[PDB]
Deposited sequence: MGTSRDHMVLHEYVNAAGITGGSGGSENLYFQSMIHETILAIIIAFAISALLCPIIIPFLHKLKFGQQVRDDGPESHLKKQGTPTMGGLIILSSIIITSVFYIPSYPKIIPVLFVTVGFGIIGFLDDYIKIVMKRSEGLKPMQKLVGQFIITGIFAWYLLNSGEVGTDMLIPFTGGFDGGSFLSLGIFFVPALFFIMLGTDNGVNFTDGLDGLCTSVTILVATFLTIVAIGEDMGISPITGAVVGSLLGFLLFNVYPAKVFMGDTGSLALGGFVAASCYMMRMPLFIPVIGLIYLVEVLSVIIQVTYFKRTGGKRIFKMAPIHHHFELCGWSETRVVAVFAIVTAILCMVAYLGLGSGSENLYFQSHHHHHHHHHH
């Protein structure tokens, strides 16, 4: 009854603290190791984020099996990023090719097995109980590729300022945790592990950044966001929960297209939009705070789209 949900809440809160402890303790141990590889701050810090998620989620896999596809996707997107950052020490079309392979294997898992429904919950209709479920069948795979690539690139573009991607993703992952518990899905310990792991990293990533994510990180988290929403039948919530991610890709699409259509004219001071505000006179910290506060308000708005 209430005990079922209580034990789940207690196991999820525990997953957050477990991943927070791992991530916070690995950072001072792995930070000189990453700086030795480099020799403006050491990159490839996404390995700390992933290491923490993998360790925590491995204890929950026997009890919560729906974690496995989510874990495989973030680790899969983390592979492309690990290879990308390895080239960076020792491409846009190559990155899109790598992202295309992982999305395909995930599309295969969703259509062949019957663990989760392919339908999409419409936001302000009446929740999972009442509501309305969008289905297109034939267009399921093209729609998956388009939103998964959009989310992954959107998250990658967000990783431009200290604490930016981390702060925004903590709030997105917190929303998925509250929803995964309340709606009784099976991915709350991994969504929670991402919250804990990112809170640990944020201590060392906040201005002035001691470490940098990724690419190794940013692609992994972008996979997590898209995979979780697909595991919960909520891809239609990504434009609202991840409006920051959406506005980051969209500002680049508008800048690059408009620049070429004109004589090199600019629609923004610089793209992605976080560079635009900086050039407007906004502090690195202002941009990080405004983007996070906006995400928080929109996560609450999204939640009201489940009643």
item	value
Unmodelled ranges, which are counted on the deposited sequence from position 1 and given in order	1-26, 66-81, 133-139, 357-376
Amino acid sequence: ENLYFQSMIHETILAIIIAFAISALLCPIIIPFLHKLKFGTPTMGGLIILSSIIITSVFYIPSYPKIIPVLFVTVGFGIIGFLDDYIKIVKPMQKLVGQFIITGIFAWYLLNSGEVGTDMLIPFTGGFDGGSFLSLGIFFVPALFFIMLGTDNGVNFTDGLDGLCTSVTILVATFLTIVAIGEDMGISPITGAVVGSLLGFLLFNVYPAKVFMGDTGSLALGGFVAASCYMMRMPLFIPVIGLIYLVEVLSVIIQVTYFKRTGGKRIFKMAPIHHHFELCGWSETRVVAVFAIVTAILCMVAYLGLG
From here on, numbers count along this sequence of modelled residues.
property: Which of 53-61 and 270-278 has higher mean CA B factor, as the PDB entry lists it; result: 53-61
property: Residue range whose averaged C-alpha B-factor is higher in the record, 292-300 or 16-24; result: 16-24
property: Maximum C-alpha temperature factor, selected from 163, 130, 223, 208; result: 130
property: Peak C-alpha temperature factor (PDB record), options 152, 115, 183, 159; result: 115
property: For residue 244, the third of its chain into which the C-alpha B factor falls; result: lowest
property: Among modelled residues of the same chain, the CA temperature factor third for residue 212; result: middle
property: Third of the chain, ranked by Cα B-factor, where residue 123 sits; result: middle
property: For residue 231, the third of its chain into which the C-alpha B factor falls; result: middle
property: Position of residue 99 among the chain's modelled residues by C-alpha B-factor, lowest, middle or highest third; result: highest
